[PDB]
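Undergrad: Structure incoming, see below.
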Amino acid sequence: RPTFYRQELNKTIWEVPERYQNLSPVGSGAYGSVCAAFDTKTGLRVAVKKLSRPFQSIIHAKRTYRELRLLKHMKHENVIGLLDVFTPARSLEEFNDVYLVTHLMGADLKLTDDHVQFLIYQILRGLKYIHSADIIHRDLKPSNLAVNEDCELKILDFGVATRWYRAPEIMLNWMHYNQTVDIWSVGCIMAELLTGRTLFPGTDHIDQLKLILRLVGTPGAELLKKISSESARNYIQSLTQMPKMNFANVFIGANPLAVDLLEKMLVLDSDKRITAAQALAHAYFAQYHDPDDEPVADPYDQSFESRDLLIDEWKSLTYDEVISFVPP
Ligand SMILES: Cc1ccc(NC(=O)c2ccnc(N3CCOCC3)c2)cc1-n1cnc2ccc(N3CCN(C)CC3)cc2c1=O
């Protein structure tokens with residue numbers, strides 16, 4: 001048991017191991033507030049997140065468990081990993097707080113084409129990894145991507161409007177989806193880095209769809225066959241029909257290989273959209289691609305998602321995961 005010490009900052013008690021020094025508030029993360037700190041063990045800067053009321057209800061309790069399970073699993077250069085997890089509690093009975101420690105993430109995301117190449121390559125390399133364990137991000141956007149001064153990138157979640165980057169199949173719920181919802185988001189981010197402008201800045205779900213269809217065209221007879229929802233089918237067929245634009249005439253003067261890749265990412269049909277692994281092998285990435293250094297994840301059991309448990313049961317499962325943690 002390490003020695004803990006207490007303090008108050010921003011009208012909240014932080015009780016942390018002596019290992020972590022000089023805590024400094026940096027704002028809110030996903031379901032908690034965050035401080036920067038100094039890790040005396042390595043001499044590096046770290047981010048410490050104290051979760052907000054982790055066990056107040058069933059939903060909070062299961063989302064606390066979800067995040068801890070996920071962070072303990074993800075071990076890859078372009079994805080956030082877990083340095084430490086702790087509680088000041090000495091027993092399950094008095095267990096009420098959870099703190100998660102990671103490396104101190106940098107600032108978030110016109111750029112040079114060489115820069116666009118390296119940043120999109122790193123995002124796809126991280127996505128090949130998470131997708132290989134059937135983990136889907138679902139909220140990829142520039143503010144959820146950390147980049148240091150070396151231009152190294154990690155995918156994370158800090159909890160730009162989300163609707164601007166959302167795949168139509170999960171925003172409107174109109175056909176089956178797969179991991180490629182994240183690929184649509186990547187296409188939207190890449191366009192923005194090439195142009196300096198948000199590609200589809202919609203005001204609501206309806207405006208958003210209107211802006212999308214202006215570029216990709218109204219679904220034809222072949223895609224309409226896969227639209228599960230009758231409401232959505234009627235909607236689509238009632239619009240004034242829009243043709244597909246030539247992307248080359250939209251992204252004027254971009255690298256033609258970039259324009260080709262964008263054409264393969266920004267398709268409405270989820271069965272036809274390029275996957276992360278396929279996109280790594282596209283000619284655009286010739287300078288960076290190495291099929292021997294693009295690893296997959298160990299399998300991830302998420303059978304817990306389908307379970308219906310009491311607050312104290314999620315709490316005991318979370319306690320177990322704190323106890324069983326082993327440092328990298
Ligand atoms: C410490 C910590 C602990 C946990 C997490 N959790 C996740 O990143 C996360 C949660 C759920 N799913 C994730 N996946 C990523 C991979 O694809 C699948 C989904 C990631 C994040 C942090 N963290 C790290 N550094 C920060 C630096 C500054 C800041 N702040 C606050 C926000 N403002 C905007 C900038 C400075 C916050 C953090 C912050 O939260």
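Chain labels A, B, ... are given in the sequence in which chains occur in the structure tokens; within each chain residues are numbered consecutively from 1, and ligands are likewise numbered from 1 in the order shown.
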With 6 Å as the cut-off and only C-alpha atoms and all ligand atoms counted, what is the closest atom pair between each nearby residue of chain A and ligand 1? Distances in Å to one decimal, ordered by chain and number, as CSV.
TA:
residue,atom,partner,partner_atom_place_in_ligand_line,distance
A:26,CA,ligand 1,30 (N),5.2
A:27,CA,ligand 1,31 (C),4.5
A:28,CA,ligand 1,31 (C),4.6
A:29,CA,ligand 1,40 (O),3.9
A:34,CA,ligand 1,37 (C),5.7
A:47,CA,ligand 1,1 (C),4.6
A:48,CA,ligand 1,1 (C),4.7
A:49,CA,ligand 1,1 (C),4.5
A:67,CA,ligand 1,11 (C),5.4
A:79,CA,ligand 1,16 (C),5.5
A:80,CA,ligand 1,8 (O),6.0
A:100,CA,ligand 1,3 (C),5.0
A:101,CA,ligand 1,1 (C),5.1
A:102,CA,ligand 1,1 (C),5.0
A:104,CA,ligand 1,25 (N),5.0
A:105,CA,ligand 1,25 (N),4.4
A:137,CA,ligand 1,18 (C),4.4
A:155,CA,ligand 1,16 (C),5.2
A:156,CA,ligand 1,8 (O),3.8
A:157,CA,ligand 1,8 (O),3.9
A:158,CA,ligand 1,40 (O),4.9
Undergrad: Please produce a file of those selected residues containing N, CA, C and O atoms, as a JSON list (two decimals), in the first residue's frame.
TA:
[["chain", "number", "residue", "atom", "x", "y", "z"],
["A", 26, "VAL", "N", -6.80, 20.81, -15.24],
["A", 26, "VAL", "CA", -6.79, 21.06, -16.70],
["A", 26, "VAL", "C", -8.15, 21.00, -17.40],
["A", 26, "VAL", "O", -8.22, 21.15, -18.63],
["A", 27, "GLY", "N", -9.23, 20.76, -16.64],
["A", 27, "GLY", "CA", -10.59, 20.71, -17.22],
["A", 27, "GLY", "C", -11.29, 19.36, -17.13],
["A", 27, "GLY", "O", -10.88, 18.50, -16.34],
["A", 28, "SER", "N", -12.34, 19.15, -17.93],
["A", 28, "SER", "CA", -13.15, 17.91, -17.85],
["A", 28, "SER", "C", -12.83, 16.88, -18.92],
["A", 28, "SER", "O", -12.70, 17.22, -20.11],
["A", 29, "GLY", "N", -12.79, 15.61, -18.52],
["A", 29, "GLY", "CA", -12.67, 14.52, -19.49],
["A", 29, "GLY", "C", -13.99, 13.75, -19.59],
["A", 29, "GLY", "O", -15.06, 14.28, -19.23],
["A", 34, "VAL", "N", -10.04, 16.36, -14.67],
["A", 34, "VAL", "CA", -8.66, 15.94, -14.94],
["A", 34, "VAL", "C", -7.61, 16.94, -14.40],
["A", 34, "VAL", "O", -7.78, 18.15, -14.53],
["A", 47, "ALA", "N", -1.54, 12.60, -16.83],
["A", 47, "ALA", "CA", -2.88, 13.13, -16.64],
["A", 47, "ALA", "C", -3.61, 12.18, -15.67],
["A", 47, "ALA", "O", -3.52, 10.97, -15.81],
["A", 48, "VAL", "N", -4.27, 12.75, -14.66],
["A", 48, "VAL", "CA", -5.02, 11.96, -13.67],
["A", 48, "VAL", "C", -6.48, 12.39, -13.77],
["A", 48, "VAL", "O", -6.77, 13.59, -13.67],
["A", 49, "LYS", "N", -7.38, 11.42, -14.03],
["A", 49, "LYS", "CA", -8.83, 11.68, -14.08],
["A", 49, "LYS", "C", -9.54, 11.03, -12.89],
["A", 49, "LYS", "O", -9.41, 9.83, -12.69],
["A", 67, "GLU", "N", -15.20, 1.66, -19.09],
["A", 67, "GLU", "CA", -13.99, 2.43, -19.39],
["A", 67, "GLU", "C", -12.73, 1.76, -18.82],
["A", 67, "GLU", "O", -11.71, 1.69, -19.50],
["A", 79, "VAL", "N", -2.96, 4.62, -29.84],
["A", 79, "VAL", "CA", -4.21, 4.56, -29.00],
["A", 79, "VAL", "C", -3.79, 4.81, -27.54],
["A", 79, "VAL", "O", -2.79, 4.26, -27.10],
["A", 80, "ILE", "N", -4.58, 5.60, -26.80],
["A", 80, "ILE", "CA", -4.32, 5.87, -25.38],
["A", 80, "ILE", "C", -4.31, 4.54, -24.59],
["A", 80, "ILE", "O", -5.15, 3.65, -24.83],
["A", 100, "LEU", "N", -7.99, 7.27, -12.82],
["A", 100, "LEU", "CA", -7.32, 6.68, -13.99],
["A", 100, "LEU", "C", -6.16, 7.56, -14.42],
["A", 100, "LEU", "O", -6.35, 8.76, -14.62],
["A", 101, "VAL", "N", -4.96, 6.96, -14.55],
["A", 101, "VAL", "CA", -3.75, 7.71, -14.96],
["A", 101, "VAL", "C", -3.26, 7.26, -16.34],
["A", 101, "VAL", "O", -3.16, 6.04, -16.61],
["A", 102, "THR", "N", -2.94, 8.23, -17.18],
["A", 102, "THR", "CA", -2.38, 8.02, -18.55],
["A", 102, "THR", "C", -1.21, 8.98, -18.77],
["A", 102, "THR", "O", -1.00, 9.93, -17.97],
["A", 104, "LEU", "N", 0.45, 12.27, -20.30],
["A", 104, "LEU", "CA", -0.20, 13.58, -20.50],
["A", 104, "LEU", "C", -0.40, 13.84, -21.98],
["A", 104, "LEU", "O", 0.56, 14.17, -22.68],
["A", 105, "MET", "N", -1.65, 13.73, -22.43],
["A", 105, "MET", "CA", -1.99, 13.88, -23.84],
["A", 105, "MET", "C", -1.74, 15.32, -24.29],
["A", 105, "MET", "O", -1.94, 16.26, -23.50],
["A", 137, "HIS", "N", -15.04, 3.16, -32.07],
["A", 137, "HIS", "CA", -14.97, 4.45, -31.37],
["A", 137, "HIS", "C", -16.30, 5.19, -31.35],
["A", 137, "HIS", "O", -16.82, 5.52, -30.27],
["A", 155, "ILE", "N", -5.33, 8.19, -30.55],
["A", 155, "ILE", "CA", -6.79, 8.25, -30.48],
["A", 155, "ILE", "C", -7.21, 8.12, -29.00],
["A", 155, "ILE", "O", -6.75, 7.22, -28.27],
["A", 156, "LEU", "N", -8.07, 9.03, -28.57],
["A", 156, "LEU", "CA", -8.63, 8.94, -27.21],
["A", 156, "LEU", "C", -10.09, 9.39, -27.17],
["A", 156, "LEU", "O", -10.76, 9.45, -28.20],
["A", 157, "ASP", "N", -10.60, 9.61, -25.96],
["A", 157, "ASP", "CA", -11.96, 10.15, -25.82],
["A", 157, "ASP", "C", -12.03, 11.09, -24.62],
["A", 157, "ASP", "O", -11.91, 10.67, -23.47],
["A", 158, "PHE", "N", -12.19, 12.38, -24.92],
["A", 158, "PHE", "CA", -12.34, 13.42, -23.89],
["A", 158, "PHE", "C", -13.80, 13.61, -23.44],
["A", 158, "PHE", "O", -14.08, 14.46, -22.57]]
Undergrad: Counting only C-alpha atoms, give me one row per residue of stretch 64-171 of chain A with an atom at most 8 Å from an atom of stretch 278-295 of chain A, showing the shortest contact pair and its distance in Å to one decimal, sorted by chain then residue number, as CSV.
TA:
residue,atom,partner,partner_atom,distance
A:117,CA,A:285,CA,6.4
A:118,CA,A:288,CA,7.2
A:121,CA,A:285,CA,6.8
A:124,CA,A:280,CA,6.6
A:125,CA,A:294,CA,6.2
A:128,CA,A:294,CA,7.7
A:129,CA,A:295,CA,6.5
Undergrad: Which residues are near residue A:204? Cut-off 10 Å, only C-alpha atoms, ignore same chain within fewer than 4 positions. Put them as a list in words.
TA: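 My reading of the contact set: residues 163, 164, 208, 209 and 210 of chain A.
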Undergrad: With only C-alpha atoms as the counted atoms, please give the residues lying no more than 12 Å from stretch 257-260 of chain A, apart from itself and same-chain residues fewer than 5 positions off, as JSON, numbers by chain.
TA: {"A": [113, 114, 116, 117, 120, 121, 187, 190, 191, 193, 194, 195, 246, 247, 248, 249, 250, 251, 252, 265, 266, 267, 274, 279, 282, 283, 284, 285, 286]}
Undergrad: Using Å and a single decimal, report how far atom CA of residue A:142 sits from atom CA of residue A:218.
TA: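 Spanning atom CA of residue A:218 to atom CA of residue A:142 is a straight-line distance of 27.3 Å.
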Undergrad: Please return, as JSON, numbers by chain, all residues of stretch 109-170 of chain A that DSSP assigns to alpha helix (DSSP H) on the basis of the backbone.
TA: {"A": [113, 114, 115, 116, 117, 118, 119, 120, 121, 122, 123, 124, 125, 126, 127, 128, 129, 130, 131, 132, 168, 169, 170]}
Undergrad: Keeping only N, CA, C and O atoms, write those residues as a short mmCIF file (atom, residue, chain, number, x, y, z; two decimals), in the first residue's frame.
TA:
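Result file is out.cif:
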data_model
loop_
_atom_site.label_atom_id
_atom_site.label_comp_id
_atom_site.auth_asym_id
_atom_site.auth_seq_id
_atom_site.Cartn_x
_atom_site.Cartn_y
_atom_site.Cartn_z
N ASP A 113 0.45 18.47 -47.52
CA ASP A 113 0.02 17.12 -47.92
C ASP A 113 0.84 16.01 -47.25
O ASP A 113 0.30 14.97 -46.91
N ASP A 114 2.15 16.23 -47.09
CA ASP A 114 3.00 15.30 -46.33
C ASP A 114 2.53 15.16 -44.87
O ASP A 114 2.51 14.04 -44.31
N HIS A 115 2.14 16.28 -44.26
CA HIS A 115 1.52 16.21 -42.92
C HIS A 115 0.20 15.51 -42.87
O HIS A 115 -0.05 14.75 -41.95
N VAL A 116 -0.67 15.77 -43.85
CA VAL A 116 -1.97 15.07 -43.95
C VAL A 116 -1.74 13.56 -44.09
O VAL A 116 -2.42 12.77 -43.42
N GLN A 117 -0.81 13.17 -44.95
CA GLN A 117 -0.41 11.74 -45.11
C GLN A 117 -0.06 11.04 -43.79
O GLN A 117 -0.55 9.94 -43.52
N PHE A 118 0.84 11.65 -43.01
CA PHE A 118 1.33 11.05 -41.75
C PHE A 118 0.25 10.99 -40.64
O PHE A 118 0.12 9.97 -39.93
N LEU A 119 -0.54 12.06 -40.50
CA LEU A 119 -1.60 12.10 -39.51
C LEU A 119 -2.70 11.09 -39.85
O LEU A 119 -3.06 10.29 -38.99
N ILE A 120 -3.20 11.07 -41.10
CA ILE A 120 -4.28 10.11 -41.46
C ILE A 120 -3.74 8.65 -41.38
O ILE A 120 -4.44 7.78 -40.89
N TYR A 121 -2.48 8.42 -41.79
CA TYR A 121 -1.84 7.08 -41.63
C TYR A 121 -1.89 6.58 -40.18
O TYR A 121 -2.32 5.42 -39.89
N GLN A 122 -1.48 7.44 -39.25
CA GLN A 122 -1.50 7.07 -37.82
C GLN A 122 -2.91 6.79 -37.28
O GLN A 122 -3.12 5.79 -36.56
N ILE A 123 -3.89 7.63 -37.63
CA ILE A 123 -5.30 7.33 -37.28
C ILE A 123 -5.73 5.93 -37.80
O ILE A 123 -6.28 5.09 -37.03
N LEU A 124 -5.47 5.67 -39.09
CA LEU A 124 -5.84 4.35 -39.66
C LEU A 124 -5.10 3.18 -38.99
O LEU A 124 -5.66 2.08 -38.89
N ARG A 125 -3.85 3.40 -38.59
CA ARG A 125 -3.05 2.34 -37.93
C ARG A 125 -3.71 2.00 -36.55
O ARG A 125 -3.88 0.83 -36.20
N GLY A 126 -4.09 3.03 -35.80
CA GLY A 126 -4.87 2.85 -34.54
C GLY A 126 -6.23 2.17 -34.75
O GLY A 126 -6.60 1.24 -33.97
N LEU A 127 -6.96 2.60 -35.78
CA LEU A 127 -8.26 1.98 -36.12
C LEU A 127 -8.14 0.51 -36.54
O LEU A 127 -8.98 -0.27 -36.14
N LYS A 128 -7.13 0.13 -37.33
CA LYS A 128 -6.93 -1.29 -37.64
C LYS A 128 -6.85 -2.09 -36.35
O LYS A 128 -7.44 -3.19 -36.25
N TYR A 129 -6.08 -1.57 -35.39
CA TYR A 129 -5.99 -2.18 -34.06
C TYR A 129 -7.32 -2.31 -33.28
O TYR A 129 -7.68 -3.45 -32.89
N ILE A 130 -8.03 -1.21 -33.05
CA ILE A 130 -9.29 -1.31 -32.27
C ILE A 130 -10.35 -2.15 -32.99
O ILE A 130 -10.97 -3.02 -32.37
N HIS A 131 -10.47 -1.95 -34.31
CA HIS A 131 -11.41 -2.69 -35.13
C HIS A 131 -11.16 -4.16 -35.13
O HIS A 131 -12.12 -4.93 -35.20
N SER A 132 -9.89 -4.57 -35.06
CA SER A 132 -9.56 -6.01 -34.97
C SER A 132 -10.10 -6.73 -33.72
O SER A 132 -10.22 -7.97 -33.70
N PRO A 168 -23.91 8.43 -41.74
CA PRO A 168 -25.39 8.49 -41.93
C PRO A 168 -26.13 7.24 -41.42
O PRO A 168 -27.22 7.34 -40.87
N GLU A 169 -25.51 6.07 -41.54
CA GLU A 169 -26.20 4.87 -41.09
C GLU A 169 -26.42 4.79 -39.54
O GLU A 169 -27.40 4.20 -39.10
N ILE A 170 -25.54 5.40 -38.74
CA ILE A 170 -25.80 5.48 -37.28
C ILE A 170 -26.39 6.82 -36.80
O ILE A 170 -26.89 6.91 -35.66
#
